[PDB]
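Enquirer: Just the first chains of my complex for now:
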Amino acid sequence: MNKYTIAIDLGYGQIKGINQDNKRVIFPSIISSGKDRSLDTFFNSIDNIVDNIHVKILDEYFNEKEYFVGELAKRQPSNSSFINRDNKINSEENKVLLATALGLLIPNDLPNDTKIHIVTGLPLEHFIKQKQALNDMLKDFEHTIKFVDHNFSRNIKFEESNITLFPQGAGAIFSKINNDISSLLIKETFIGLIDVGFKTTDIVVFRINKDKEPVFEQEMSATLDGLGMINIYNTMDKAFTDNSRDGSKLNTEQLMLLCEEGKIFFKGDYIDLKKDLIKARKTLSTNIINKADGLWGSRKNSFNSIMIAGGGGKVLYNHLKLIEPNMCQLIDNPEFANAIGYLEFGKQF
Amino acid sequence: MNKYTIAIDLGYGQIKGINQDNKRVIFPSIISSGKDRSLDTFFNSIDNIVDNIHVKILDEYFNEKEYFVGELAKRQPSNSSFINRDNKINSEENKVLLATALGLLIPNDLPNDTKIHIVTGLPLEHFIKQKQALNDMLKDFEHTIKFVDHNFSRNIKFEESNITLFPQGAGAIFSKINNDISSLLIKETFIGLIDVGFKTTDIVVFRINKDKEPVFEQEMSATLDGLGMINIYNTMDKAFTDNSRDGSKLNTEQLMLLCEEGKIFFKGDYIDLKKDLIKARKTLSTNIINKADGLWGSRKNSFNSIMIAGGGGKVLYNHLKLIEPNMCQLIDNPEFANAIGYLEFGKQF
């Protein structure tokens, strides 16, 4: 029996994942306290399970705890922090989003021989430091998820020879383009992978050799600390205080709505803030281009094709084309590049 | 033939109802017992049928009891207590007020196979608490009504899959404005209905989505149970006992005459209580605004059009404009918002 495989992304913009059977889930990194949903059931019947994940979690002593999670969490004004959310990998906030995307992707009642090979991700510089905090976490991981309003459960438990760790964007450029990168790579060319995340952006590059195989360069690749979408949400936060001049603060929902579209329905009116949206997209891309050439000296002329990824890279792409025009390009799925890049690369074993 | 529909509200200021054929009747929720009326029939023959509803109602054991009900029972001193009466839905005072609203709206020649889809309702916090008690009541509602001085007898009995249980304020804004409010709602706003009634104030809100479709907020919407127009009838009679200086109390007719005008006829004189009436209509409006704003934080700036309804919401519209000026609005029928909202949203069955 071929043991199952689930690859998930432990991001902070939105939690991404995909199973062995190519079903993929996506939801923001937002939790909230769960409460009993019976009245709104009669109003709006829940068909999208992902939109309204109402969920209970058991543990080693059945210490039951319910959660509004996902879009259901984002509907709450009592939701997660999301502006100073936990960077510790062993937080319960990380435990919620990890266990939730399991039962979204585990098919019902798998055989016990067919256990699940989970392949997860870390930040590039933080792959070494927070490895044992997550290696201990995944080995200790033994719970029972309960789906409220959808009513199917998993006794989630994982061990070694099933848990698998890779940095952010490890097998995204090695595999999944593995038959198409062979035309790209010739001899001593430099491929580039840029995952524009929420908190940090990882620029990860491989060096191909005389034997046409990519070797890793930890000196041309690092974690751009504090550079991502979190600057754009912070900058557009101050633009609302500058335009409305009320001192009012947008919530978690309105500020994410602001940098998604540019127009917030404030006091019956669309406060138009579209001007500093694309200006922040240029300024973030300018921060990326300038910090691209920090690690990159004259080796930028050794490029064959740069790939970009991340949810931020999908909306930056025209201004993020200004790294290397007509050579840098977008990956097939900007969000899900790490997802299948952990999955088929995790299906190697 | 086709099964009929009669949409009535179990109102405690006045019973609000309208049938499938768009005939509507309305009467205060006051019952008495009944005695045969032939003396005043010679003086005042019944021109207004609703003004003088003497009613005889058989039951499943055919143990009939006579009842003065409505404006007639308001003219009776032997009427129900009605100001400290419970809102228990299977009580004897509710079987009379429901059936009296039936036979005024029941058209002639309804066969027994064309069972009336009575669209009943429960308040917003009471649609979970008091749902099975009306399932207790409507299953038990097996009676036979007879009108006095008009004399057409309707065999009143209702079963499951004919009866209908929507929340109060649910279909009043999900339907009945659904073709018009969608022109006003575009993106992630909150539409809301506040039914300021007699005992309860149903503040019910929806959240619309990107697709201009409302999802229900069960945490920004609640019933202000015990907060309504019954506090104004409570407040102003206390000011009259110190103004009359006899210690006497206005009864179930004169107290309704008191806060509706401000000046009660006492011993050849209309004793004035105009000053504290506006104070009663600000203090009630003080805790419909601020009690909604306990559920309405900074998402109140994302509101588009707050609707208000109810007979109390009809008469607070100057003071209840102070929820948010030039954003709040009154529905065209403050009485028949819920009843047509029962009816229009009861057309789906």
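Expert: Yep, that arrived. Residues are numbered from 1 along each chain as shown, chains lettered A, B, ... in the order given.

Enquirer: which residues does residue A:59 contact?
Expert: A:142, A:143, A:144 (Cβ atoms under 8 Å, 6 or more residues apart in numbering or on different chains). C-beta: built from backbone N, CA, C; applies to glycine.

Enquirer: ok, now residue A:283?
Expert: Applying Cβ under 8 Å, 6+ apart to residue A:283 gives the contacts A:231, A:235.

Enquirer: Report the secondary structure state of it.
Expert: Per DSSP: H, G, I helix; E, B strand; the rest coil, the secondary structure class of residue A:283 is helix.

Enquirer: right, and the secondary structure at residue A:136 would be what?
Expert: Applying three-state DSSP: residue A:136 is helix.

Enquirer: just residue A:56 next, same as before
Expert: strand.

Enquirer: and if you look at the one 4 residues further on?
Expert: Per three-state DSSP, the local secondary structure of residue A:60 is coil.

Enquirer: Please apply the same query to residue A:63.
Expert: Classified using three-state DSSP, residue A:63 is coil.

Enquirer: That one: neighbour count?
Expert: Residue neighbour count, defined by other Cβ atoms under 10 Å in any protein chain shown, stands at 8 for residue A:63.

Enquirer: ok, now residue A:22?
Expert: For residue A:22, using other Cβ under 10 Å, the count is 9.

Enquirer: show me the contacts for the residue of the stretch 51-200 of chain A found nearest chain B.
Expert: The stretch 51-200 of chain A approaches chain B most closely through residue A:77 (5.9 Å), counting by Cβ to the nearest Cβ. Shown in contact with residue A:77 (Cβ under 8 Å, 6+ apart): A:251, A:252, A:253, B:297, B:298, B:299.

Enquirer: three-state assignment of the last one?
Expert: To tie it back to what came earlier, the one meant is residue B:299. helix.

Enquirer: give the contact list for the closest residue to residue A:289 other than its chain neighbours.
Expert: Spatial nearest neighbour of residue A:289, chain neighbours left out: residue A:323 (5.5 Å); criterion: Cβ to Cβ, 6 or more residues apart in numbering or on different chains. With contact taken as Cβ under 8 Å, 6+ apart, residue A:323 is in contact with A:194, A:285, A:288, A:289, A:292, A:306.

Enquirer: in a strand, that's where the fourth one is, yeah?
Expert: No. The secondary structure assignment for residue A:289 gives helix rather than a strand, going by three-state DSSP.

Enquirer: Now do it: how many residues are near it, please.
Expert: 15.

Enquirer: Tell me how far it lies from chain B.
Expert: 33 Å (Cβ to the nearest Cβ, to the nearest Å).

Enquirer: For chain A, which residues are neighbours of chain B?
Expert: A:35, A:37-40, A:42-44, A:75-77, A:248-251, A:253-254, A:257, A:261, A:264-268 (Cβ under 8 Å from any Cβ of the partner chain).

Enquirer: Show me which residues of the one helix or strand residue A:207 maps to are buried.
Expert: Using DSSP states H and E, residue A:207 sits in strand A:201-208. Judged by neighbour count (16 or more other Cβ atoms under 10 Å in any protein chain shown), strand A:201-208 contains these buried residues: A:201, A:202, A:203, A:204, A:205, A:206, A:207, A:208.

Enquirer: likewise stretch A:67-81?
Expert: For stretch A:67-81, by 16+ other Cβ under 10 Å, it's A:67-77, A:79-80.

Enquirer: and it, how far out from the chain's middle?
Expert: 17 Å (Cα atoms, centre = their mean, to the nearest Å).

Enquirer: Would you mind measuring the gap between the ends of that stretch?
Expert: 15 Å (Cα to Cα, to the nearest Å).

Enquirer: again with stretch A:184-204
Expert: 17 Å.

Enquirer: Identify the residues contacting residue A:64.
Expert: Applying Cβ under 8 Å, 6+ apart, the residues contacting residue A:64 are A:56, A:57, A:58.

Enquirer: can you add chain C next? sequence is:
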Amino acid sequence: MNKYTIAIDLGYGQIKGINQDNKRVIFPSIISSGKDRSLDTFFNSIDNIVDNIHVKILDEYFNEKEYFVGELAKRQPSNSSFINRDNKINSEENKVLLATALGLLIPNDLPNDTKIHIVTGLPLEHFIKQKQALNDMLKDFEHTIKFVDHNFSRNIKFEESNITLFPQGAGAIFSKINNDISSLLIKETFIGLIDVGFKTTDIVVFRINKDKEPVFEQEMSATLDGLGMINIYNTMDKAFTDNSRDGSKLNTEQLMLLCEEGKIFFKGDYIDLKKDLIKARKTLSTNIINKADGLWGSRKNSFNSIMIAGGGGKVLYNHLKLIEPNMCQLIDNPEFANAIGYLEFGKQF
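Expert: Just below you will find chain C, in place on the chains above:
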């Protein structure tokens, strides 16, 4: 002058004490030898006096014995028994624990002729059997205690008519909730309080009368000797030695850490005993289900609230929910449940 209030508990697991001004202490009930602490001062800060309890005790005949007690004594390998500690309530061990309890709670700058009223704890059967043994030893008390490395002594003396005696589980529901649950208690129910102590578990119920006052049932309430947290340390003792397969015994310290973690670090390795530790609490959870219904026939259905107490029940609340799910509930401070009741109900004088 005024006579102050200090409430302590003679819990065999850990002594739990509080003054009138709500400054409360907690430390395990283990003593050891007191030796010269000079060198440990220079390396590490002796800041928390609860962490570093080096104690000299003068007698009234001044024999001047010296003790490590509690947390520092827990780190001593030559400590007290604590798994077969003697049940003599008049022991010097109990005195040293009580003198340490009084020392951290008697404040400085207390006026000259002030004294303290003190409240103790007794098992509910042993409050009458073992009454005068403790009630003479508290009268016997006149000692001077010295806290090393903090430089303040306490000459502590008590007489008759200042000590006060109430048994275990008394004040936690007779007071401390009497202002709150009196809204909840109506007529002829029983409230529940389950103190999950270290050695003995406490079952106590109060009948409420018609007039909303608590009254006591001696045959619906008992003291569970031999039932409590102490069975779990006995169970996990052999559970390690059988799993060590060497006869290697944990110390007194790792014994306490074992039922707090289940993963003891041993010979450079985590010995995981999570299997038996889940079973042992459920073994204790089973043995309180049966003793509950031993005192509760159909009178279990005559409940309106069940509380639980004891430091063990804090990690057993969801696991002792199996008797009455959501009819049972949790006290605020499961350690300090008896003491705050002894604080509040001890304020009769």
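
Enquirer: The contacts of residue A:64 with chain C there, same question as before?
Expert: Residue A:64 makes contact with A:56, A:57, A:58, C:318, according to Cβ under 8 Å, 6+ apart.

Enquirer: neighbour-wise, which of those leads?
Expert: residue A:57 (22 neighbours).

Enquirer: Please name the bridge partners of that one.
Expert: residue A:65, residue A:145 (DSSP bridges).

Enquirer: Which one of the residues in the stretch 51-200 of chain A is closest to chain C?
Expert: residue A:63 (4.9 Å).

Enquirer: So the closest residue to that residue other than its chain neighbours versus chain B, what's the distance?
Expert: Distances taken as Cβ to Cβ, 6+ apart put residue C:318 closest to residue A:63, at 4.9 Å, once the chain neighbours are dropped. Distance check for residue C:318 against chain B: by Cβ to the nearest Cβ, it reads 25 Å.

Enquirer: Please report how far residue C:318 lies from residue C:330.
Expert: Applying Cβ to Cβ, to the nearest Å, the value for residue C:318 to residue C:330 is 9 Å.

Enquirer: before we move on, what about residue A:141?
Expert: In terms of Cβ to Cβ, residue A:141 sits 27 Å off from residue C:330.

Enquirer: Quick check: residue A:232 is in a helix.
Expert: Yes. Residue A:232 forms part of a helix when assessed by three-state DSSP.

Enquirer: Residue A:259 is in contact with that one, correct?
Expert: Yes. The criterion here is Cβ atoms under 8 Å, and residue A:232 meets it with residue A:259 at 5.2 Å.

Enquirer: Show me what residue of the stretch 201-349 of chain A gets nearest to chain C.
Expert: Closest point on the stretch 201-349 of chain A to chain C, by Cβ to the nearest Cβ, is residue A:349, at 26.2 Å.

Enquirer: So between residue A:232 and residue A:259, which is more surrounded?
Expert: Each of residue A:232 and residue A:259 has its neighbours counted (other Cβ under 10 Å); residue A:232 has more, 23 against 20.

Enquirer: Now that one: closest residue in space that isn't a chain neighbour?
Expert: Residue A:232 sits nearest to residue A:280 (Cβ to Cβ, 6+ apart), 4.5 Å away.

Enquirer: What about the residue of the stretch 201-349 of chain A closest to chain C, how many residues nearby?
Expert: So residue A:349, with other Cβ under 10 Å, has 9 neighbours.

Enquirer: Next: residue A:281.
Expert: By other Cβ under 10 Å, neighbour count at residue A:281 equals 20.

Enquirer: That one and residue A:259: what is the separation?
Expert: 9 Å.

Enquirer: Identify the contacts common to those two.
Expert: Joint contacts of residue A:281 and residue A:259 (Cβ under 8 Å, 6+ apart) are residue A:232.

Enquirer: coming back round to it: could you check how far the residue nearest to residue A:232 is from chain B?
Expert: 21 Å.

Enquirer: so what's that residue up against?
Expert: So residue A:280 contacts A:231, A:232, A:235, A:236, A:259 (Cβ under 8 Å, 6+ apart).

Enquirer: Could you look up the SS state of the fourth one?
Expert: Think residue A:236. Applying three-state DSSP: residue A:236 is helix.

Enquirer: How about the contacts made by it?
Expert: Residue A:236 neighbours (Cβ under 8 Å, 6+ apart): A:255, A:258, A:259, A:273, A:276, A:277, A:280.

Enquirer: Quick check: it vs residue A:275, distance?
Expert: Remark: distance between residue A:236 and residue A:275 (Cβ to Cβ) = 10 Å.

Enquirer: How about residues contacting the strand or helix carrying residue A:260?
Expert: Using DSSP H and E, residue A:260 sits in helix A:252-261. With Cβ under 8 Å, 6+ apart as the contact definition, helix A:252-261 has outside contacts at A:28, A:30, A:74-75, A:77, A:79-80, A:82-83, A:229, A:232-233, A:236-237, A:240, A:250, A:264, A:273, A:277, A:280, B:187-188, B:298-299, B:302.
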